[PDB]
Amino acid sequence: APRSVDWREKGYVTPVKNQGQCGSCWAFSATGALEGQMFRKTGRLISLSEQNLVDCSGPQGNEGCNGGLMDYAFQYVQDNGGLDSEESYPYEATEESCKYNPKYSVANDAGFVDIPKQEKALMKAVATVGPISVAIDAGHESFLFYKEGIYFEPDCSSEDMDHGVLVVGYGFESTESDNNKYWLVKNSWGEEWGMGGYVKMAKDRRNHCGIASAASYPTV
């Protein structure tokens, strides 16, 4: 497979968003993955509504600002027959009653694919599909203060993930330790966090922070 992938250069990726103080990481991960697959299909990049997911995908198992899962979001879009655009259903960082309106739907999916729990399988998916939804252990102060370089947290867990994010590619850069490979990850904490809102997370370092343990994408 390729040594370097960046789906932002192919037009698959919207700008970095900010979930605020709502526990809706799962919705931002899911919209990011669906934005990529919809672009793959139609050639149009349209920002999608996280609030739509927060308010409306409870029946699929999500819990609004109290948490959720990207697969449940993908199941909602399939079950519901649509998902509204960001512009039409903007983000409020709080859970309200469902206000979905199919007239303003701009996306659909026919299910989702869970990737085997191996970084090699994740690499194949990123290389051939587009941006991929992933879960990571972000529960460390080092992640809060990340600025640049390849993120490696020795206390990171590969089994207990708490934050859904989006892999938009992978690459390499020479480092002191010769652990040079990284996943290119879009976060949802605004562009002031990390490197314009992105983090390079250690790749092929024993599933660091669990990035390959719960990876998936929607079928479009």
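A residue's number is simply how far along the shown sequence it sits, counting from 1.
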{"item": "Selected stretch [higher average CA B-factor]: 157 to 165 or 31 to 39", "value": "157 to 165"}
{"item": "175 to 183 set against 40 to 48, stretch whose average Cα temperature factor tops the other in the entry", "value": "40 to 48"}
{"item": "Deposited CA B-factor, highest of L83, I150, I132, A110", "value": "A110"}
{"item": "Within-chain third of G11 by Cα B-factor, per the entry", "value": "middle"}
{"item": "Within-chain third of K200 by Cα B-factor, per the entry", "value": "lowest"}
{"item": "Entry-reported Cα temperature factor of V54, expressed as the chain third it lands in", "value": "lowest"}
{"item": "Chain-relative CA temperature factor third for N66", "value": "highest"}
